[PDB]
């Protein structure tokens, strides 16, 4: 049914694509981002790089959806000015450990032509401490894989077992490319893989060290979670109902460290920035975009703004986000050759996209995994430089107020976070007010050891938090926006 859609369709020969990349975490973002880059290459630049799409944990529905429409899916770009749709054809096979089985997945990863394994498994999928970037060796998912390394359940476990098998077969290693929203995401990937391999087999660890590269990336495209309204809107645009369809903004960026062991698609031809060092761009985007996103998510949700576009209708939230981007995030950056005021202006325009409904609740998810790179590293810069960080402090206070679990009208907030048990215990064991700040600050996996030991940070977050309690989020953002 998809080939009758009002959309651009795969005009290249799909059978001529080889499955050369295995992607872990077939979610909305991968579909609308990397999948689109690959499809442009297959369409315009004679690329034969196709994908095996694999889900290991959750995401059973996406995989099943593909399996009955010849692995095709729809991406619809939407903004105020235009919409466009594309039916993507680069997926050669879509697998799920719960459907096809783990052995089939490992076998696919051990085919000789697999050159890259890429990941969008969310920050929590790495089972690392957000504050340190290091593998949690005592995490039950990690210990279970370490005890049963040939039947792994984690992404790292699966990757390392695939590598063990390739090594034993005398097959070349693949490159492992994280596309998740962490600074130096290739270092995180390298570290967790290395720590894990060393825990099970030191010869395998050394071979991995000698044969695998872990290039870092920066990825950017706003892709809200797909709802029934999303699917209905894509149907209305294309004429065809696609359960695996995704809606996104027209903007896309992908910065890639050019360090691959077994080749790569010519992504630069589809608009990727292939460079030697991605870190300054990661920090730029994680801080100015994701940091402002998070600020808006907690303080917007608490004010009763359901979506980011709703936040942008409040001139104070608009001004606060802009001031946060340019006066607090931008000065912490080392990036060269970018007009950051213009970038900030463009982010506000992107947030104001009236064609998307990006829920503050969705962005608020997994705050424990996001705070360090999005806000806390910037705070550290300001602390070291004796510089003010008022809006960052309010952002942190906003997360703290949110995870208290009761909204300003006295209704429950459903908190989604892998550290929920720790967060709940911190909330339940502390009185509202100044005690609550102290208690949440004490979660070292989020705040590290320096920030809880920092009197200035503690004072500023506490002041912001007491303002949220006394005046609510909406009025507090208004106050801080002129401050």
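Numbering follows the first chain given and starts at 1.
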request  = Between 298 to 306 and 240 to 248, point out the one with the higher average CA B-factor as the PDB entry records it.
outcome  = 240 to 248
task = With reference to the PDB entry, specify whether the mean Cα temperature factor is higher for 167 to 175 or for 324 to 332.
result = 167 to 175
request  = Pick out which of 404, 215, 125, 112 has the highest C-alpha B-factor in the PDB entry.
outcome  = 112
Top Cα B factor in the deposited entry, candidates 89, 337, 398, 101 = 101
message = Based on the deposited C-alpha B factors for this chain, I'd like to know if residue 42 is in the lowest, middle or highest third.
response = lowest
key: Third of the chain, ranked by Cα B-factor, where residue 180 sits   = middle
query = For residue 415, does the deposited CA B-factor place it in the lowest, middle or highest third of the chain?
reply = middle
task = Select lowest, middle or highest to describe the third in which the CA B-factor of residue 96 falls within its chain in this entry.
result = highest
query = What third of its chain, lowest, middle or highest, does the C-alpha temperature factor of residue 421 fall into?
reply = highest
